[PDB]
Amino acid sequence: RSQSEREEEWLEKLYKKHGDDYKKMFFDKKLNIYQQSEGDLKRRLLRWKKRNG
Amino acid sequence: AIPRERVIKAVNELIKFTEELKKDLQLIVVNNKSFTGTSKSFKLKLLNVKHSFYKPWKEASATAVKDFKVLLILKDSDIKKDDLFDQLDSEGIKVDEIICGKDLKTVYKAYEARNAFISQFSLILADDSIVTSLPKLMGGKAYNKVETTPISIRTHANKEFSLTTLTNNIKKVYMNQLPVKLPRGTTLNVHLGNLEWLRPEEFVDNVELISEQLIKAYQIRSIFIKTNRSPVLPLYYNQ
Amino acid sequence: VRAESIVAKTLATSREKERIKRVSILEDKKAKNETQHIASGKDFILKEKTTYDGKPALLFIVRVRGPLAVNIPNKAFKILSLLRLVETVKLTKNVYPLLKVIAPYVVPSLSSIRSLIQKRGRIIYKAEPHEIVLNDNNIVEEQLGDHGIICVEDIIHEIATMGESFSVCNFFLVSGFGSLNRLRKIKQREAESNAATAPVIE
Amino acid sequence: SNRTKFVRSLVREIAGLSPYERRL
Amino acid sequence: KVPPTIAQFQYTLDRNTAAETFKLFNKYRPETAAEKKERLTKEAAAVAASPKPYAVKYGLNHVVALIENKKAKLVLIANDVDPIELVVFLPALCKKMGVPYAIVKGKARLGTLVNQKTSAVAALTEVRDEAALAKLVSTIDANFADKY
Amino acid sequence: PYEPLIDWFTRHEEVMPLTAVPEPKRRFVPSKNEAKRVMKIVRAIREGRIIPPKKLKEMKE
Amino acid sequence: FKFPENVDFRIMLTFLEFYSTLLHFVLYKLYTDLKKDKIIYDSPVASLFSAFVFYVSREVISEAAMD
Amino acid sequence: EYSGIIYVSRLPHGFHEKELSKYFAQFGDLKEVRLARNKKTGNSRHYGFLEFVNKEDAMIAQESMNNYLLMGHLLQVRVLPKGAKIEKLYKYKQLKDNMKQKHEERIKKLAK
RNA sequence: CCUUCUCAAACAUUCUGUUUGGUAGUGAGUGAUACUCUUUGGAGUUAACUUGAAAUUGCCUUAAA
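Chains L, C, X, P, H, Z, G and R, in that order, are what the protein sequence lines are. Following the numbering used here, the numbering of the first sequence begins with 1 at its first residue and continues without gaps. Following the numbering used here, the numbering of the second sequence begins with 1 at its first residue and continues without gaps. Following the numbering used here, the numbering of the third sequence begins with 1 at its first residue and continues without gaps. Following the numbering used here, the numbering of the fourth sequence begins with 1 at its first residue and continues without gaps. Following the numbering used here, the numbering of the fifth sequence begins with 1 at its first residue and continues without gaps. Following the numbering used here, the numbering of the sixth sequence begins with 1 at its first residue and continues without gaps. Following the numbering used here, the numbering of the seventh sequence begins with 1 at its first residue and continues without gaps. Following the numbering used here, the numbering of the eighth sequence begins with 1 at its first residue and continues without gaps.
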C-alpha cells in the first residue's frame with residue numbers, strides 16, 4: 001500500500017507550509033481541506049517521508 | 001512661523017486639564033466663513049503629515065474596546081485579481097478585509113448589519129473610480145465620522161490597476177497623511193489623535209504643519225487647540 | 001391593482017428624474033466651460049470608450065422600450081414627440097444635450113442603410129394619413145423632385161452622403177406568444193441587460 | 001428515551017381522548 | 001365540521017406572502033442532476049478551498065430530522081398530501097419546537113421549485129440575505145399564526 | 001361533536017433539542033462522495049471513455 | 001423589384017424550406033462541377049459585351065460605392 | 001366603532017402621498033391624505049395619516065391592508081376612534097473689534 | 001415589488017509619482033458646551049452612542065392571455 005499522487009501533493013504542501021508543526025498544521029484552514037486529526041496527519045507524513053524522504 | 005511656545009503651553013494645559021476620548025483625545029479647531037454654502041459634497045482633504053499617527057493606533061488599539069481594522073473598498077476588477085501581504089507586511093501594516101461594491105449592496109445591504117460592520121473599521125480606503133458610488137451604498141452614518149468616511153486613494157496607473165501604485169498610496173495614507181472633513185459651517189476641526197500619539201515633542205511639529213496648511217490653504221479666522229467640550233486654547237489669531 | 005406597481009413606478013421615476021437632472025446640470029455647466037466643479041469637462045461616447053468628436057456624425061437610432069418601470073418624464077415625452085420616436089437632425093453640439101436625456105430609452109454601412117430605406121419605405125401622402133409604401137418613383141418626383149430628388153435612390157444617396165435630402169426627407173418619410181416563444185425571449189433578456197457622467201451607451 | 005417520551009406526549013395531545021377514554 | 005386537528009389546513013398563507021416565500025425559496029434551488037453532473041465533470045477535467053453549498057431541504061424524513069433539532073428556521077407544508085397523517089402532526093411539532101411553519105396549497109407547486117414532481121414539505125436551515133428571511137418569517141407569523 | 005382541543009403540550013416551547021449523536025465531521029468537511037465521483041470521472045477520462053466538456057464543445061462542430 | 005411588398009404563410013414557409021433544401025444540393029453540385037458585404041462565346045450574350053466595361057450611374061464600376 | 005381616519009406606518013422608501021391617494025382610491029375616494037415629513041429635510045418618516053369618506057370604507061381598507069408586506073416593509077394600518085383629525089401634516093471693522101474682545105475674554109476665561 | 005452616478009486632464013520614463021475636480025445621505029433617538037451671524041425674526045457648524053428600512057399629528061405595453 002502507498003499514497004496517491006494527489007495525496008502525496010497534499011502532504012507535501014502541508015509539510016512545506018508547516019514542517020513538523022503538527023498542531024499548526026491542524027489549524028491550516030486553506031490547506032487542510034479535510035480536518036484530519038494530528039495522529040492521521042503525522043502518520044501520513046511519516047509514511048511519505050519513509051517512501052520518499 | 002507661529003510661536004511653537006504657544007503649542008508647548010497648550011499641550012501642557014491639556015495634560016493639566018485631563019471617557020478616554022474626553023481624557024486624552026487631542027484635536028485642533030478652526031473658524032472660517034462657512035464655505036460651500038450652495039453645495040453639500042462630502043469631499044475630504046488629506047492633510048500632509050510627516051508623522052505616522054496610524055502606527056500608534058495599530059499598536060494601541062490592541063487593548064482598546066473598539067479594535068482597529070483596515071478597510072479597502074475596490075472595484076469589481078481589482079478584487080478578482082498574498083496581494084495585501086507581499087507588499088505591506090514588510091512595513092508593519094496590512095489590509096485586513098477587502099469589500100467589493102456589489103458586496104455592500106448584497107451581503108451588507110441591511111442597515112443593522114451595515115452599521116455593525118462598517119463601524120468595525122477606521123482606515124476606510126476606497127478607489128478613486130468607485131469613490132462617487134460609495135455614498136449610495138453605506139448611507140449617511142458612514143460619513144458622520146472622519147474615521148468611517150471613505151478616503152479616496154489612487155490605485156490606477158495609466159488608467160490600469162498597479163500593485164506598486166496601491167502599495168505606495170496606502171503607505172502614504174497610513175504614515176504620511178491625515179484626513180479632515182470640510183463641513184458647511186464656520187467650525188473646522190481636525191481629530192489629531194489621542195495623547196499617546198506622537199509624544200508632545202512631535203506634537204508641536206504636527207500642530208505647526210497642520211496650521212501651515214490651514215493658514216495658507218484657507219482664509220482662516222481663528223485657530224484653537226481643544227479637547228472634547230474643554231475650553232478652547234487660542235493657538236493663532238489673524239484678520 | 002396592487003400598490004406595488006405604483007410604488008415601483010414612483011421610485012423608478014424619481015431615480016431616473018434625478019439622473020436626468022444631474023445630466024442636464026452637467027451639460028449646462030459644460031456649456032459655460034467652467035471645468036472647476038464637474039467630474040469631466042469633455043465628452044465621451046461608448047460603443048469601448050470613444051471620444052465625442054465635434055464632427056456632426058449621423059448614425060441610426062433604435063428604440064429599447066424601457067426601463068419600463070420608469071414612467072417617461074415630460075422632457076423625454078416632448079423629445080420623443082418631436083422626434084416621433086415614442087412609438088416602439090444630427091449629432092450636433094446642440095442636439096447632444098437632448099439626445100443624452102433620452103439615452104436610456106434609445107440606443108452603419110451602405111448595405112444596411114439601403115436595405116432599410118428600400119424596405120421600410122414610409123411616404124406621407126394624401127385619405128391624409130397614408131404612409132403605405134414607396135409605390136412609385138414618380139411620387140417622389142412630384143412631392144420632392146423640386147429639391148433634386150428624381151427617385152428614392154437619390155434620397156438614399158443623399159442620406160449616405162452629406163447632402164440636403166438627409167434633412168429634407170424628415171418631412172417626407174421572438175416577437176410572439178406561446179410556450180415555444182418564451183425561451184427565446186428569456187434568452188434575449190440577457191442581452192437586453194448608466195451614470196450621468198458616464199459616456200453615452202450605443 | 002427522552003425523545004420517545006416526547007413523541008408519545010405529542011401524539012397523546014394530537015389524538016385527544018378515545019371515545020371510551022372520554023367517559024372518564 | 002371535523003376534529004380540530006383536521007381543518008387546520010384550508011387556512012393558508014395569502015397570495016402575496018406566498019409569492020414572496022416562493023421567490024425567496026427559488027434562490028436556493030438545489031443543483032439539478034444535469035447541473036451537478038456537468039459541474040462534477042468540469043471539476044474532474046480540471047483536476048485531470050471550497051465554500052459550503054446552500055440549498056433548500058425538502059425530504060420529509062430529512063426535514064423531520066432537521067426539525068426537533070431547532071436548526072430549521074422556516075418550513076413549508078403541503079396541504080394536499082394523500083396520507084394526511086404524514087403532516088397532521090408536523091404543525092404541532094413545529095409549534096412545540098418554536099419553528100415557524102407555513103401551509104402552502106399544492107404539493108406539486110411545492111415540488112416544482114426543488115426539481116421534483118411533488119414534495120410534501122420544504123425547510124430552510126442555512127441562508128446566503130438573512131434580513132429578507134427574517135422579514136419573511138415575521139410576515140408569515142403575523143399573517144398565519146396570530147390569525148388562525 | 002368536534003369540540004376544541006387544548007394545546008396543553010405545544011403551549012410551551014421545547015427548550016432543548018431532543019436528538020443526540022453530535023455532529024459528524026462530514027458536515028463540517030467537503031463531502032467524500034463528491035471526491036469519489038470526481039476521482040471516478042478522472043479514471044474514466046484516463047481510460048479515454050469520457051470526453052471533457054471543453055473537448056465536447058470542439059467536437060460539436 | 002427592390003421595393004417593399006404591400007394569406008397563410010405556413011404553406012409558403014414549408015414551400016420555401018423545401019425549395020431551399022433542394023437549391024442547397026443544386027448549388028453544391030453546380031460548384032463542384034470581404035468588405036463588399038458592407039457595400040452591397042457560347043451565346044451572343046457572352047460573346048457580345050465582352051470587355052465592354054460599363055459604368056453605371058446612380059440609376060464594371062458603380063457610383064453607389066462612392067457613398 | 002372607529003371613524004374614517006386611517007393611520008399608516010413603516011412606509012417603504014419612495015412611498016409618498018401620491019401612492020397613498022392613487023392606490024387607496026381604488027377601494028374608494030378618501031377625504032384627505034397626508035404624509036409625515038421632517039421640517040429640515042423633505043424626506044418622509046415612513047408613516048402618515050389619511051381619512052376615508054366613510055367609516056365602513058376605512059375599516060374595510062384597514063382589514064384588507066392590515067398586515068400587507070411590501071418589498072421588505074410590513075405596512076400596518078390602524079383605525080382610530082372618533083375625532084383625531086388629520087392636522088398639521090405639510091409637504092415640508094466692528095466684527096474684528098468684537099473678535100479681539102472675545103479673544104481677550106477667552107484668554108481671561110481659560111485660567112478658570 | 002426594479003436597485004443603485006464604477007475616473008477627465010497635465011506633468012511623469014519609476015517595473016509610475018503629484019495637483020485639480022470628482023464623494024448631493026433610510027429615519028428616529030440620546031448627548032456632557034465650543035465657533036458664528038441676522039440679534040428675536042432662530043439659522044448655519046462642532047466629540048460621542050442605540051437601531052428590524054424601527055416610526056401618532058413639530059404652524060414607451062409580446063414583463064403579453
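All C-beta atoms, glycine included, are put in the ideal place defined by N, C-alpha and C.
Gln177 of chain C - DSSP class collapsed to helix/strand/coil: Residue mapping note: residue 177 of chain C aligns to position 177 of the second sequence, counting from 1. Three-state result, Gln177 of chain C: strand.
Nearest to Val23 of chain X by alpha carbon, out of X:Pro67, X:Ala12, X:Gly41? On the third sequence, position 23 is the one that residue 23 of chain X refers to. Checking every option, the nearest Cα to that of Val23 of chain X belongs to X:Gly41.
Quick one, are the C-beta atoms of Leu71 of chain C and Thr149 of chain C less than 8 angstroms apart? If you number the second sequence from 1, residue 71 of chain C lands on position 71. If you number the second sequence from 1, residue 149 of chain C lands on position 149. Contact flag unset, no.
Whole beta strand (DSSP E) runs in the segment 4-47 of chain X with 3 or more residues, listed along the chain? 44-46
Residue range of the alpha helix (DSSP H) that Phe17 of chain C falls in? For this step, residue 17 of chain C is matched to residue 17 along the second sequence. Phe17 of chain C -> alpha helix (DSSP H) spans 4-17.
So, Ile149 of chain X versus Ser167 of chain X, is the Cβ gap smaller than 8 angstroms? As a position in the third sequence, residue 149 of chain X is number 149, starting the count at 1. As a position in the third sequence, residue 167 of chain X is number 167, starting the count at 1. Result no, Cβ atoms of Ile149 of chain X and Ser167 of chain X do not sit closer than 8 angstroms.
Looking only at its chain, what residues have a beta carbon closer than 8 angstroms to the beta carbon of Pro1 of chain Z, apart from the 5 residues adjacent to it on each side? Counting from one through the sixth sequence, the residue named residue 1 of chain Z turns up at place 1. Hits under 8 angstroms: none found.
Quick one: which chain Z residues come within Cβ less than 8 angstroms of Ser138 of chain H? By one-based count along the fifth sequence, residue 138 of chain H stands at place 138. Per Cβ cutoff of 8 angstroms: no residues; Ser138 of chain H is ~17 angstroms from chain Z at best.
Within 8 angstroms of any Cβ in chain R, is that where the Cβ of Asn16 of chain H sits? As a working note, residue 16 of chain H is residue 16 in the fifth sequence. Yes, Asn16 of chain H lies at the interface with chain R (some Cβ there is under 8 angstroms from its Cβ).
Throw me the rounded Cβ distance for the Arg184 of chain C and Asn31 of chain C pair, which I believe falls under 8 angstroms. If you number the second sequence from 1, residue 184 of chain C lands on position 184. If you number the second sequence from 1, residue 31 of chain C lands on position 31. Not a contact, Cβ separation roughly 14 angstroms.
Proximal residues of chain R, C-beta to C-beta of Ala102 of chain H below 7 angstroms: Taking the first residue of the fifth sequence as position 1, residue 102 of chain H is located at position 102. Going along chain R, no residue has its Cβ under 7 angstroms from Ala102 of chain H, so there is no contact; the nearest lies around 13 angstroms.
Per DSSP, what are the beta-bridge partners of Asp127 of chain C in this structure? Taking the second sequence and counting its residues from 1, one reaches residue 127 of chain C at position 127. C:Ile153.
Strictly under 8 angstroms for the Cβ-Cβ distance: is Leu60 of chain H near chain P by that measure? Residue mapping note: residue 60 of chain H aligns to position 60 of the fifth sequence, counting from 1. It does not: the Cβ of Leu60 of chain H has no partner Cβ on chain P nearer than 8 angstroms.
Report the partner residues of residue 240 of chain C according to the DSSP bridge assignment. This structure cannot speak to residue 240 of chain C, because chain C is shown only from 1 to 239.
Nonlocal neighbours in the same chain, by C-beta distance under 8 angstroms from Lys17 of chain X, ignoring five residues either side: On the third sequence, residue 17 of chain X is found 17 positions in, with the first residue counted as 1. Answer for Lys17 of chain X: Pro73, listed in chain order.
So, are the CB atoms of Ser61 of chain C and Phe68 of chain C less than 8 angstroms apart? What you label residue 61 of chain C is simply residue 61 of the second sequence in a count that begins at 1. What you label residue 68 of chain C is simply residue 68 of the second sequence in a count that begins at 1. Closer than 8 angstroms, so yes.
Measure the C-alpha to C-alpha separation of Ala111 of chain R and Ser122 of chain C and round it to an integer number of angstroms. Taking the first residue of the eighth sequence as 1, we reach residue 111 of chain R at position 111. Taking the first residue of the second sequence as 1, we reach residue 122 of chain C at position 122. Distance between the alpha carbons of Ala111 of chain R and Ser122 of chain C: 36 angstroms.
Please list, in chain order, all residues of the same chain as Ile41 of chain Z whose beta carbon is under 6 angstroms from its beta carbon, the five residues on each side excluded. Here residue 41 of chain Z refers to the residue found at position 41 when the sixth sequence is read from its first residue. Taken in chain order, the list of residues that qualify is empty.
Only counting the same chain, and skipping five residues up and downstream in sequence, which positions put a Cβ closer than 6 angstroms to that of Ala44 of chain Z? Here residue 44 of chain Z is taken as the residue at index 44 of the sixth sequence, counted from 1. Cβ neighbours of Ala44 of chain Z beyond the five flanking positions: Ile50.
Where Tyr22 of chain L meets chain Z, residues with beta-carbon distance less than 8 angstroms: Against the first sequence, residue 22 of chain L aligns to sequence position 22. The contacting residues do not exist; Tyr22 of chain L stays about 18 angstroms from chain Z at best.
On the criterion of 16 or more Cβ atoms from any shown chain inside 10 Å, does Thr227 of chain C qualify as buried, or is it exposed? Locating residue 227 of chain C in the second sequence gives position 227, where the first residue counts as 1. Buried, since its Cβ has 16 or more Cβ neighbours within 10 Å.
Quick check: what's the CA-CA separation for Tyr90 of chain R versus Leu86 of chain H? Along the eighth sequence, read from residue 1 onward, the residue named residue 90 of chain R stands at position 90. Along the fifth sequence, read from residue 1 onward, the residue named residue 86 of chain H stands at position 86. Between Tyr90 of chain R and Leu86 of chain H, the C-alpha separation is close to 57 angstroms.
For the beta strand (DSSP E) that contains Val70 of chain X, what are its first and last residues? For the purposes of this step, residue 70 of chain X is taken as residue 70 along the third sequence, with counting starting at 1. Premise fails: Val70 of chain X is in no beta strand (DSSP E) and is neither H nor E.
Enumerate in chain order the residues of its own chain whose CB-to-CB distance from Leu182 of chain C is below 8 angstroms, with the five nearest sequence positions on each side excluded. Against the second sequence, residue 182 of chain C aligns to sequence position 182. For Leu182 of chain C, where only same-chain residues beyond five positions count, the Cβ hits under 8 angstroms are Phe35, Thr36, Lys43, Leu44, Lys45, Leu188.
Secondary structure of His24 of chain G, DSSP reduced to three states: Position 24 of the seventh sequence, counted from the start, is the residue given in the question as residue 24 of chain G. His24 of chain G falls in the helix class under three-state DSSP.
Can you grab the Cα-Cα spacing for the pair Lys1 of chain H / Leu5 of chain Z, in whole Å? Here the question's residue 1 of chain H lines up with position 1 in the fifth sequence. Here the question's residue 5 of chain Z lines up with position 5 in the sixth sequence. So the alpha carbons of these two residues sit roughly 14 angstroms apart.
Taking the beta strand (DSSP E) that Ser222 of chain C falls in, what are its first and last residues? Residue 222 of chain C sits at position 222 when you count from the first residue of the second sequence. Segment 222-227, the beta strand (DSSP E) holding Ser222 of chain C.
Spatial neighbours of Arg78 of chain R within its chain, please: C-beta separation below 6 angstroms, excluding the five flanking residues on both sides. Against the eighth sequence, residue 78 of chain R aligns to sequence position 78. Here the set comprises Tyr7.
Could I get the ranges of all uninterrupted beta strand (DSSP E) runs contained in the segment 163-207 of chain C, with 3 residues as the minimum, in chain order? 177-181, 187-194
Own chain residues within Cβ distance below 6 angstroms of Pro135 of chain C, not counting five before or after: As a position in the second sequence, residue 135 of chain C is number 135, starting the count at 1. Hits under 6 angstroms: none found.
Rounded to whole angstroms, what is the Cα-Cα separation between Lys47 of chain X and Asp53 of chain X? Within the third sequence, residue 47 of chain X is the residue found at index 47, counting from 1. Within the third sequence, residue 53 of chain X is the residue found at index 53, counting from 1. When rounded, the distance between both Cα atoms is 13 angstroms.
Which value, in whole angstroms, describes the spacing of the CA atoms of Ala157 of chain C and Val62 of chain X? Counting from 1 along the second sequence, the entry for residue 157 of chain C is found at position 157. Counting from 1 along the third sequence, the entry for residue 62 of chain X is found at position 62. Looking at the two C-alpha atoms, the distance is approximately 37 angstroms.
Using a Cβ cut-off of 7 angstroms, which residues of the segment 59-90 of chain R contact any Cβ in chain H, in chain order? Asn67, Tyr68, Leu69, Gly72, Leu74
Same chain, Cβ closer than 6 angstroms to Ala12 of chain X, neighbours up to 5 away in sequence not counted: As a first step, residue 12 of chain X must be located in the third sequence, where it is residue number 12. Answer for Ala12 of chain X: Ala69, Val70, listed in chain order.
Name the DSSP beta bridge partners of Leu74 of chain R, please? Locating residue 74 of chain R in the eighth sequence gives position 74, counting from the first residue. DSSP, once it has assigned bridges, lists R:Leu69 as partnering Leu74 of chain R.
So who's on the other strand from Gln26 of chain C, going by DSSP bridges? Numbered from its first residue, the second sequence carries residue 26 of chain C at position 26. According to DSSP, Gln26 of chain C bridges with C:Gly193, C:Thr227.
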